Structure formats: structure tokens, C-alpha cells
Amino acid sequence: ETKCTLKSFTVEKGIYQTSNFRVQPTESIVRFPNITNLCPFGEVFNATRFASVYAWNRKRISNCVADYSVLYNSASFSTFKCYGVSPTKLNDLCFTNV
Amino acid sequence: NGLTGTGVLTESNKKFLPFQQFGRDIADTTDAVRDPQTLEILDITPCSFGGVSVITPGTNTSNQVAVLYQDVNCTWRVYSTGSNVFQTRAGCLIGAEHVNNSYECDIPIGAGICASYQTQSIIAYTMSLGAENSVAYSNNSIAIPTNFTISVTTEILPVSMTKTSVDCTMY
Amino acid sequence: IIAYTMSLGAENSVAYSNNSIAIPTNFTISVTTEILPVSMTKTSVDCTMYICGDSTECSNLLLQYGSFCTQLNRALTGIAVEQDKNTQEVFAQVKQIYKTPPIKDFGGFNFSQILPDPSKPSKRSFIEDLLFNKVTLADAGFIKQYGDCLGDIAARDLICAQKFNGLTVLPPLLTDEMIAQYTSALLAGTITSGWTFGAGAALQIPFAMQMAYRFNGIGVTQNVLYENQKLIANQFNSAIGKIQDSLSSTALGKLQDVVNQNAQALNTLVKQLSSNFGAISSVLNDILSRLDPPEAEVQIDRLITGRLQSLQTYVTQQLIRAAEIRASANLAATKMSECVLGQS
Amino acid sequence: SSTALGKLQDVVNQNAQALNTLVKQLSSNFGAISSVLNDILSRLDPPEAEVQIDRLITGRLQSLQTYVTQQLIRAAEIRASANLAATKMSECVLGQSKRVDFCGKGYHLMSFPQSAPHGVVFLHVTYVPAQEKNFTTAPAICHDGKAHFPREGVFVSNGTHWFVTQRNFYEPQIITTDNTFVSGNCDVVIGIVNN
Amino acid sequence: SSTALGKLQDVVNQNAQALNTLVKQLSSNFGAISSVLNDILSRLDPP
Ligand SMILES: *[C@@H]1O[C@H](CO)[C@@H](O[C@@H]2O[C@H](CO)[C@@H](O)[C@H](O)[C@H]2NC(C)=O)[C@H](O)[C@H]1NC(C)=O
Ligand SMILES: *[C@@H]1O[C@H](CO)[C@@H](O[C@@H]2O[C@H](CO)[C@@H](O)[C@H](O)[C@H]2NC(C)=O)[C@H](O)[C@H]1NC(C)=O
Ligand SMILES: *[C@@H]1O[C@H](CO)[C@@H](O[C@@H]2O[C@H](CO)[C@@H](O)[C@H](O)[C@H]2NC(C)=O)[C@H](O)[C@H]1NC(C)=O
Ligand SMILES: *[C@@H]1O[C@H](CO)[C@@H](O[C@@H]2O[C@H](CO)[C@@H](O)[C@H](O)[C@H]2NC(C)=O)[C@H](O)[C@H]1NC(C)=O
Ligand SMILES: *[C@@H]1O[C@H](CO)[C@@H](O[C@@H]2O[C@H](CO)[C@@H](O)[C@H](O)[C@H]2NC(C)=O)[C@H](O)[C@H]1NC(C)=O
Ligand SMILES: *[C@@H]1O[C@H](CO)[C@@H](O[C@@H]2O[C@H](CO)[C@@H](O)[C@H](O)[C@H]2NC(C)=O)[C@H](O)[C@H]1NC(C)=O
Ligand SMILES: *[C@@H]1O[C@H](CO)[C@@H](O)[C@H](O)[C@H]1NC(C)=O
Ligand SMILES: *[C@@H]1O[C@H](CO)[C@@H](O)[C@H](O)[C@H]1NC(C)=O
Ligand SMILES: *[C@@H]1O[C@H](CO)[C@@H](O)[C@H](O)[C@H]1NC(C)=O
Ligand SMILES: *[C@@H]1O[C@H](CO)[C@@H](O)[C@H](O)[C@H]1NC(C)=O
Ligand SMILES: *[C@@H]1O[C@H](CO)[C@@H](O)[C@H](O)[C@H]1NC(C)=O
Ligand SMILES: *[C@@H]1O[C@H](CO)[C@@H](O)[C@H](O)[C@H]1NC(C)=O
Ligand SMILES: *[C@@H]1O[C@H](CO)[C@@H](O)[C@H](O)[C@H]1NC(C)=O
């Protein structure tokens, strides 16, 4: 460590500070709430009548697992863009006030 | 709940209001969390802690070293245990043999303790302040010199350093 | 609340004439104190632990700024060894540990409040003990174990908050008992040998005759001392008693300001970890989760730049303060050689 | 000629190391895609190469700033050292100093300057007493109900006879009325002796 | 009364020059589109 922080192969007599004592993690744990249902993917994206844009509709979503892969067979979106989050991270997260 | 991290989880005494899930310290790092299944509060403490120093007699003489863990008290969070474990008010020193003598400081460990490459091995000792002396003081005794010596000593003092200039655009 | 013009001092007039003189007929022996800072706290910083923590992505991104951390630590180690050099120039002037004999016959002068107390664990004087309790440090020892602050004890104890972020305080080379031994040797030499132990070998001399030499040095004949010896001894003893009194009563502000400044600097470093520096958050774990590598790197870069400049500011101000303490320690060494080892 | 001037070599070493550190710090990206301006300016067009060049400019400017600041601090220290050297030149070389340990250990006699690379060396010639000897002493001498004090010396006794000598060199002499002066009678001085 | 106190005038000169340099350094873009906050805040929206 000292040879490498000195950028030399020779060390001269003395005492040198090295990095703090590190401990490596042994396990990995995940703790999500107890949720069983799936989110209403089929009554939001597969509804029969949508609202007019001047009187748009707002729906509350809560207490459901957001496994969007079920939309892969029956849906094809021409525009999909998220702001404030990455699309590749959506499967690890947990969402508030949806 | 999506918040990732690393550390040690322990049972807590903090008590959250029902609308709270995370707890933050002054540096704004998350240091407490409510478990989403058991609804119990946990403290999150970092994992790395404690300074480390390495004492070498120079790698042009030997690759023996001693290691000072400045935050350990052995009577462990160490890389190795070997032999010659010696406790100091500066930390736990591993790899150097403790002796009872006292010399001038060679490599200062700290808190009054020095180390040196003697007999080869590495030894650690308490530094000596100097030779002890006593003056034969009485209320009617004086000491007068009878000879002298003419002494010549050197004293070195820096007076200048190198004058440099820099071209910003070229750098 | 009142506002006024400050006064410069009491007005006085000298009765000057072309054939008038004023001659003193008595004297007073005065004892005064002078306080001088000699060292400050030696600190060290782990860049990786301060800037990144246990983040591996941040630590890999930081490898473009390793020269800057080697530079910071070089500066801090320079300061750290300079502090020990300071203490050595001030206190280690003589390398013979003189003891004072059990012959406490010093012509009537009482040196009991400034001479070592063998009834203590240390061998500190009475006055040194009174001084030791008027300066409150921040580190009672230098071994704070990991298990000792594990839980919420961290971030409620400022020292564990500093330690979990890579900020270490190293212990001085000379313990307080060694410094007390040095001052004890200086006192013993100066009261049993006068000013001769600073120029060669200590040559004993009775204390009253040494005091007569010192009276000669200021332009007063020796018979003035020898004929007023009891009065002079009593005045000296009373003045020393006045010192202890005043102290034990009520300060060492110039020595407490150093401790306060170092502690405040470290704590300011710790609180500056709550700045966004123009990023979306100040926590690496909120960025690394909810953002993917290539577009989290911009935020992590902002944080890295901010925290690096924070460390740089700290090191610069520490260098400036160390220069000032160096000047003070040089003055103290000069005063030790010229006022204690001689007569000025 | 045997075997050093470490305090004068440290200055050279520090300045050289500072300049070389400046040179190696040109290999930092500072958060850009590369540390070479020619890899950015080729493969990238002006408006979107300007962001990278801005990152590099900021980094290198702060590198220069750090260098200049540390140079100023070091120059202050060298200024203090040079002021001390000028004081020593005027007070130890151009005169004789009474300040203890200012111009060497002992009693200062004289000093000689020698020039060295980026510095000065002083050779301090001092006087060190040696071969001391024990004597009995007294503050005053009582002769005719009068107390006699030495003029510029100290009263010593070889065991049987009393002499007056100078304080820094043993040179005993007979106590006369030209060595001493009278003040008062023999009732106030503490350790007065008869002679 | 004839003809100086250069060492005392250099202090005044240095302090004045430092303050004036601070004032002129308000004309730097630092890599932005302009050095005026009112040209940025007008023609550009918050985020
Ligand atoms: C979440 O589910 C777990 C089980 O999957 C529940 O844990 C039970 O808790 C009760 C306490 O009232 C225990 O008696 C059971 O033994 C637990 N079950 C298991 C398998 O450990 C938990 O209660 C659920 N969450 C909530 C809020 O009810
Ligand atoms: C939305 O409507 C479509 C069409 O009615 C449903 O899609 C069918 O899904 C099943 C299971 O994946 C397939 O076997 C069928 O082939 C699909 N239909 C067609 C016409 O191919 C879809 O399930 C509905 N969404 C919801 C949420 O119910
Ligand atoms: C004072 O000390 C000097 C030594 O510094 C003595 O001179 C030495 O005497 C010895 C023995 O006679 C010789 O071997 C040396 O050559 C002498 N030294 C020099 C430099 O000449 C001197 O005798 C001492 N004087 C007294 C009175 O003791
Ligand atoms: C020395 O003699 C002078 C001359 O009388 C004294 O000083 C004057 O004292 C009066 C009253 O205190 C003042 O009003 C005058 O202004 C003083 N100065 C003069 C008259 O020039 C002084 O008190 C004497 N000093 C001592 C020690 O006795
Ligand atoms: C010189 O001053 C001292 C005081 O410092 C005088 O001694 C004091 O005398 C008074 C009255 O006799 C006593 O109450 C005090 O106790 C004495 N002080 C001490 C410390 O002993 C002394 O008399 C003065 N001398 C002359 C010639 O005026
Ligand atoms: C103290 O010194 C005196 C010198 O004055 C010694 O006395 C003389 O010694 C010499 C030689 O022994 C004799 O010739 C003289 O007759 C002595 N007397 C005088 C008056 O000169 C004396 O011996 C010394 N004492 C000691 C203890 O050394
Ligand atoms: C250390 O090694 C170098 C090269 O091998 C050599 O020149 C040098 O003299 C060695 N050190 C000592 C103290 O001999
Ligand atoms: C080590 O622990 C002992 C007792 O547990 C304690 O006395 C000592 O102070 C500790 N180490 C140091 C040098 O502080
Ligand atoms: C070293 O000092 C200790 C202190 O108790 C003593 O017990 C021992 O005999 C001495 N010699 C050794 C152990 O080398
Ligand atoms: C010196 O003064 C102290 C008071 O602090 C007293 O205890 C002691 O007895 C005095 N010494 C002598 C020899 O009177
Ligand atoms: C002075 O006398 C004392 C008392 O015996 C002794 O310790 C010491 O050696 C003597 N000093 C010299 C220089 O003879
Ligand atoms: C010196 O002390 C002795 C005690 O041995 C005493 O008899 C004598 O009177 C004292 N003399 C002086 C001048 O203090
Ligand atoms: C000194 O001489 C006087 C007068 O001759 C005498 O009274 C006194 O006692 C003597 N002192 C001693 C100590 O003999």
C-alpha cells in the first residue's frame, strides 16, 4: 500500500499512514413490504374509454406489485420516457404517491 | 424499500412518527430505517473505522514491517495477529518486540514510544529524555572553573528558494 | 445600552526642572505570568473515506484525482512533524535531567508551589495542576474503539462522527509527563546553578549569592540584597501565593482558542457533507439508486469536485495556522533561552 | 568533508517536487472523456467539445492555483528564516552578543560567515568553562565590626585561608581594601564570616 | 518635505487592487452562456 501510494518500489525508513481499516460486506439483503396483488395494468392501459384532454382523468394506485413485464405481449408503446429515474432501475425501487 | 447501502444494522431506541420511514443525521446520510415488514426501527452504522500506520526500517535493509492499529485495544479488527502484540496509548502495535531499555528516539510511534531495527528484528521502547544528574547544592559551597575550552560550532540557515514563472496558456 | 468615547488612560504630568531628580527609596519584587502556545492538534485525512465512503463506483471515479489526495496528505504530515519539532525546541533545551536536593535551604525563598509534587500520579507542580484544569481538550485519550460508538452513539458524539468520515487525530510524541520532567529539570538547574547550566556544566552556588549577582546585573549593589534578604524573600513568597490564588480563582484564553479553532475546523468539514454542489442530492446512495452508471456519473462528479475543494480549503487554512503557531513557538524558545537560562 | 546540510537540501527538494507534481497532474480527466486536447478536438465538433475542454480548463486552473498558494506559504517561511539570518549577521558577526544561546552554546566570543547554496553557515566561536573545583564561600567578611563585600568577585576558601576571585576563572587573590568595599556592620548579613 | 513612504503606500495599493480585481472578476462567464444573471433568467426557464 505504501509502495503504491509513494509511486516507488523502494521505501525509506520511517512510519507511514495507510488507509483506514476496511471491512467487506458478507451478505446482501432486501426488505420490501408485504404486497401480493398486481397493479391494475389492464384497467389503465386496456380501458375501453379514455377521457378528453381538457378533462383528463387521474387515478390513485396503491398496494400492488408493479411488474410491468406483463405488458410485453399485449401492448406496444410508441413513446415511453421517464424523468428523475432510470428505466433500468424501475424494477428495484419502491414508489410513493402513485 | 429501494434505498441501497452498506453497513451494520442494530436494534434502535429512536421512535418514528407514523408518517416517517427514514432517519437522517447532520451529514444527511440515512442512519435509521423502519423495517417495512416488522415495523421495527433499526440503526445503520458504517463498517470501516480506525487508522492504520506501517513502520518500516527501509526496504533497502529488510521487508520486515510492524503495523500500528491506532484504534484497537487488546488485553480484533486487525489484518494479522502474528506474535509480539504490544499495547500502547497510541494503539496496538503488531510485529515489534517490547524491551525494557530506553534509547534516543529512532522512529517515533507516539505517546512516548519509539521503535528501531535492533537485535535482527524490530523493537519498541520508551524514549529516554537524557542522563540523570544531581547538583551538590549546599548553603556555603561554590564551584569555580579552573580551565576553559574554545568551541566552534556551525549553524545553517536557508536564505532563498527558487524563483519560478508559469505561462498559463502553455500549461 | 450606552455609547461613549473610549479613554486612553489617566492623565499625568512629570515635575521636570533643570536641577531636580527623583530617586527610589524602596522596591517591590513582582511576579507576572506570560502564556504562549507551542503546538496544535495533529490531524490526518483519508480522502477516499471522506469523499466516497464505502461506495465502489465513487472510488473508481475518484482515481482521476489521486495526485490531489497525495498532495493533501503530504501537507498535513508536514504540519504534523513540525508540531513535534516545535515542542522539542521549546522544552528540550538541556539534555541533563537535574534533580533538586532535599536541601530546601534557599535563603528563605519558598519554591514549593512550582516544584514537582511526588504525591501525584504524575510529578506535576501545584501551579501546573491548576493550569491543567483550565484548558478543556476534546480528546481524553486517543483510543476510541469501534464497539464503543456502535449504534446511535455515532452522530451524537462528534469524535465518532469525525472518525466515520476519515478524520483522525494523532497523539503527540512527548507525553505530558515527559514535558513536566523537562520543566522540572529546568527549574532544578536554574535554582541550584544560576545561569551556568545553560553555558556548560552546572556549577552550584548558594541561592542568596546568585540573587546578589542578579541584583548586580540591574545596577544595584549586593549589600542592598544582603541587608534586605528577609524582606525580599517575603515579597517573593507573597507574589507566588498571589499567582496561585488568582489562577485557582478565575484565564488561559490564548491556549483554549487553539483547541477551539481546530475542533471547529473539523466539525465544519463534517457538516459540509450536506451540500449538493449543484447535484440532485448530497447522498451517494440516492444517486446510485434511481440512476444508472453513465448518467449518475455526472452527479457523482459534481459531488467529488465539491468535496475535494472542501478538503483543499481545510488544508490551506491549517497551513496558515501552523505558520502562526510556528512563530509563537520560536518566540517561546527564545524566551526560554534568554529569560530562564540567563538574565535579559 | 567526512559526513550534512539537510535544511538546505530540503528547499531544493521541495521546489523540484512541486514542479514535477504540476507536470504529472496533466494526466487527470477532471470528469472529461480524456485528458488530451487532441483526442477531444478530433472525434468531437466545437459546441460539444467545448464542455470537455471547459472541464479540463477548470481542473488545470485549480491545479495552478494550488501551486501558487503553497508557494506563497513556503515563501513566508523562507522570509522568516532570512530575517533571522540577517539579525544573526548583524548581532553575532558585526558585534558580540550577550543573548544566551543566540550565537552558539557557551559565552559568545565571535562568529564567521560562510556562504552555502541558497543559505548561510555561521561558525560561532564560544568560551566554555572546564575543570571546575569545589570551594567554601561566604557572602561577606567581618573585620572591624564592618562588613566587606567583594567589588567584582566572590569570596572563596581553600579550606584554611580566604581569597577573593573572579567568578568565571579561578584566580585567587589576597583580600585587601582595594578588592572590597564596606557597608554597614556585622549584624545583618546572614552567613558573614570573620577574617 | 522635499522628496518617501513606499512601504506604507504599498499596503494601501495592494488592498485597493485586490478589491478592484474582485469587482472586475464579475465579467467572467466561467463556462456559462453569459455573465449576467438577468440575461440568463430572461430567455431561459428555471430548470
Ligand atoms: C408479513 O408477512 C409475515 C409472514 O410472511 C407476517 O409475519 C407474521 O407475523 C405474526 C405476528 O403477528 C407472527 O405470529 C407470524 O408467525 C408471522 N409469520 C411468519 C411467517 O413469520 C407479518 O405479520 C406480515 N405483515 C403484517 C403487517 O401483518
Ligand atoms: C387487454 O386485451 C387483450 C386482448 O383482449 C388481452 O390480451 C390477450 O392476452 C392473452 C394472455 O396474454 C393472450 O392469450 C391473448 O392472445 C390476448 N388477446 C389477443 C386478441 O391476442 C389482455 O390480456 C387484456 N389486458 C388485460 C389487463 O386484461
Ligand atoms: C587546560 O587544558 C589544556 C587542554 O585543553 C591542558 O593542556 C594540555 O596538556 C596536556 C598535558 O600536559 C597535553 O597533553 C596537551 O597537549 C595539552 N593541550 C594543548 C591544546 O596544548 C592544560 O594543561 C590545562 N591547564 C591546566 C592548568 O590544567
Ligand atoms: C517633587 O516635587 C514636585 C514639585 O512640587 C511635586 O509636584 C507637583 O505636585 C503638585 C501637587 O501634587 C501638582 O499640583 C503639581 O502639578 C506638581 N508639579 C509641579 C509643581 O511642577 C512632587 O509631588 C514631588 N515628588 C515627590 C515624589 O515628592
Ligand atoms: C519598604 O516596603 C516594605 C513593604 O513592601 C515595608 O515593610 C512593611 O512595613 C509595614 C509597616 O512597618 C508592615 O506592616 C509590613 O508588614 C511590611 N511588609 C513586609 C512585606 O514585611 C518597609 O518598611 C519599607 N521600607 C522602608 C525603608 O520604607
Ligand atoms: C591555602 O592556601 C595557602 C596559600 O596562601 C596555603 O598556605 C601556604 O602554603 C604554602 C605551601 O604549603 C606555605 O609555604 C605557606 O607558608 C602557607 N601560608 C601562607 C600564609 O602562605 C594553605 O596551605 C592552603 N590550604 C589548603 C588546605 O590547601
Ligand atoms: C539502496 O539501493 C541503492 C540501489 O540498489 C543503492 O545505490 C543505495 O546505496 C542503497 N542504500 C544504501 C544505504 O546502501
Ligand atoms: C485498554 O483497555 C484497558 C482496560 O480495558 C484500559 O485501561 C486502557 O486504557 C486501554 N488502552 C489504552 C492505552 O487506553
Ligand atoms: C521488563 O520490565 C518488566 C516490567 O514489569 C519486568 O517484569 C521484566 O522482568 C523486565 N524484563 C523483561 C521482561 O524483558
Ligand atoms: C512554603 O509555603 C507553603 C505554603 O504554600 C507551606 O506549606 C510550607 O511550609 C512553606 N515552606 C517552608 C519551609 O516554610
Ligand atoms: C563537590 O563536592 C561534592 C560533595 O561531596 C561532590 O559530590 C562533588 O564531586 C564535588 N565536585 C567537584 C567538582 O569536585
Ligand atoms: C547553613 O545551613 C547550616 C545547616 O547545616 C546552618 O547551620 C547555617 O546557619 C546556615 N548558614 C547560612 C548562611 O544560611
Ligand atoms: C567574629 O568576631 C567577633 C568579634 O571578634 C566575635 O564576637 C564573633 O563571635 C565572631 N564570630 C564567630 C563565628 O566566631
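Don't worry about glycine lacking a Cβ; one is built from the backbone with ideal geometry, like all the others, and counts go over all protein chains shown. Just so it is clear, none of the values below were taken in a lab; they were calculated from the coordinates.
Residue check, D:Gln71 against (1) more than 8 Å from chain B (Cβ to nearest Cβ); (2) closer than 30 Å to D:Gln17 by Cα; (3) touching a helix residue (DSSP H, G or I) at 6+ places or on another chain (Cβ under 9 Å), all met but one. Which one?
(1)
Do the conditions hold for C:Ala202, that is, is it within 13 Å of chain B (Cβ to nearest Cβ) and either in a loop (DSSP other than H, G, I, E, B) or among the polar types (S, T, N, Q) (or both)?
Details: within 13 Å of chain B (Cβ to nearest Cβ): yes; either in a loop (DSSP other than H, G, I, E, B) or among the polar types (S, T, N, Q) (or both): yes.
Yes.
Quick one: C:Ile287 ticks every box in (1) of a type in the set (A, V, I, L, M, F, W, C); (2) surrounded by 14 or more Cβ atoms within 10 Å (Cβ to Cβ); (3) in a loop (DSSP other than H, G, I, E, B) except a single one, so which number is it?
It fails just one condition, (3).
Among the residues of segment C:137-153, is there at least one that is away from chain B (no Cβ under 14 Å) and assigned to a loop (DSSP other than H, G, I, E, B)?
Within segment C:137-153, the first condition is being away from chain B (no Cβ under 14 Å), and the residues that meet it are C:137-138.
Narrowing the set further to residues that are assigned to a loop (DSSP other than H, G, I, E, B) leaves C:137-138.
Yes, there is a match, as at least one residue in segment C:137-153 is away from chain B (no Cβ under 14 Å) and assigned to a loop (DSSP other than H, G, I, E, B).
Those residues that are part of a loop (DSSP other than H, G, I, E, B) and within 7 Å of another protein chain (Cβ to nearest Cβ), I need them from segment A:1-28; list them, please.
A:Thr10, A:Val11, A:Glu12, A:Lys13, A:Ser19, A:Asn20, A:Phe21, A:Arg22, A:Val23, A:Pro25 - these are the residues of segment A:1-28 that are part of a loop (DSSP other than H, G, I, E, B) and within 7 Å of another protein chain (Cβ to nearest Cβ).
Per-residue answers, yes or no, for (1) within 8 Å of another protein chain (Cβ to nearest Cβ); (2) out of contact with any strand residue (DSSP E or B) (no Cβ under 7 Å at 6 or more places or on another chain); (3) over 23 Å from A:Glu12 (Cα atoms):
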{"position": "B:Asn73", "(1), (2), (3)": "yes, no, yes"}
{"position": "B:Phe86", "(1), (2), (3)": "no, no, yes"}
{"position": "B:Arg89", "(1), (2), (3)": "yes, yes, yes"}
{"position": "B:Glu97", "(1), (2), (3)": "no, no, no"}
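Kindly indicate whether any position in segment B:74-87 is away from ligand 13 (no atom under 16 Å from the Cβ), crowded, with 17+ Cβ neighbours inside 10 Å and either small (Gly, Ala, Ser) or closer than 30 Å to C:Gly200 by Cβ (or both).
Among the residues of segment B:74-87, not one is away from ligand 13 (no atom under 16 Å from the Cβ), crowded, with 17+ Cβ neighbours inside 10 Å and either small (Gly, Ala, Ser) or closer than 30 Å to C:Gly200 by Cβ (or both), which makes the answer no.
Looking at C:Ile280, C:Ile240, C:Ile218, which one is under 30 Å from B:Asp31 (Cα atoms) and out of contact with any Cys (no Cβ under 8 Å at 6 or more places or on another chain)?
Details: C:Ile240 fails: under 30 Å from B:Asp31 (Cα atoms); C:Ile218 fails: under 30 Å from B:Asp31 (Cα atoms).
Only one candidate qualifies: C:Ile280.
Being surrounded by 17 or more Cβ atoms within 10 Å (Cβ to Cβ) and in a helix (DSSP H, G or I), is that true of even one residue in segment D:95-110?
Scanning segment D:95-110, I find no residue that is surrounded by 17 or more Cβ atoms within 10 Å (Cβ to Cβ) and in a helix (DSSP H, G or I), so the answer is no.
Can you list the strands (runs of 3 or more DSSP E) lying wholly within segment D:136-182 that have 3 or more residues being surrounded by 15 or more Cβ atoms within 10 Å (Cβ to Cβ), on the phi < 0 side of the Ramachandran plot and within 16 Å of ligand 6 (Cβ to nearest atom)? Explain how you work it out, then say what you get.
Working: elements: D:147-150, D:154-157, D:162-166, D:169-173, D:180-182.
Answer list for segment D:136-182: D:154-157, D:162-166.
Any idea how many residues of segment B:42-68 are within 7 Å of another protein chain (Cβ to nearest Cβ) and part of a strand (DSSP E or B)?
Going through segment B:42-68 one residue at a time, the tally reaches 7.
Quick one: count up the residues across segment D:20-55 that are surrounded by 14 or more Cβ atoms within 10 Å (Cβ to Cβ) and under 30 Å from D:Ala82 (Cα atoms).
The total comes to 2.
I need every pair where a residue in segment C:124-140 that is under 18 Å from C:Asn262 (Cα atoms) has its Cβ under 9 Å from the Cβ of a residue that is within 16 Å of ligand 8 (Cβ to nearest atom) and part of a loop (DSSP other than H, G, I, E, B), sequence separation at least 6 or different chains.
Listed by first residue and then by second, the contacts come to C:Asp139/C:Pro171.
Within segment C:257-278, can one find any residue that is within 12 Å of chain B (Cβ to nearest Cβ), among the charged types (D, E, K, R) and either buried (at least 20 other Cβ atoms within 10 Å of the Cβ) or part of a helix (DSSP H, G or I) (or both)?
The first filter runs over segment C:257-278 and keeps only residues within 12 Å of chain B (Cβ to nearest Cβ), leaving C:267-276.
Those left that are additionally among the charged types (D, E, K, R): C:271.
Adding the requirement that they be either buried (at least 20 other Cβ atoms within 10 Å of the Cβ) or part of a helix (DSSP H, G or I) (or both) leaves C:271.
Yes, the conditions are met somewhere in segment C:257-278.
Is it the case, given these coordinates, that A:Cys94 is hydrophobic (A, V, I, L, M, F, W, C), under 30 Å from B:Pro46 (Cα atoms), loosely packed, with under 12 Cβ neighbours inside 10 Å and within 14 Å of another protein chain (Cβ to nearest Cβ)? Can you show your working first?
On the way: hydrophobic (A, V, I, L, M, F, W, C): yes; under 30 Å from B:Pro46 (Cα atoms): yes; loosely packed, with under 12 Cβ neighbours inside 10 Å: no; within 14 Å of another protein chain (Cβ to nearest Cβ): yes.
No, not satisfied.
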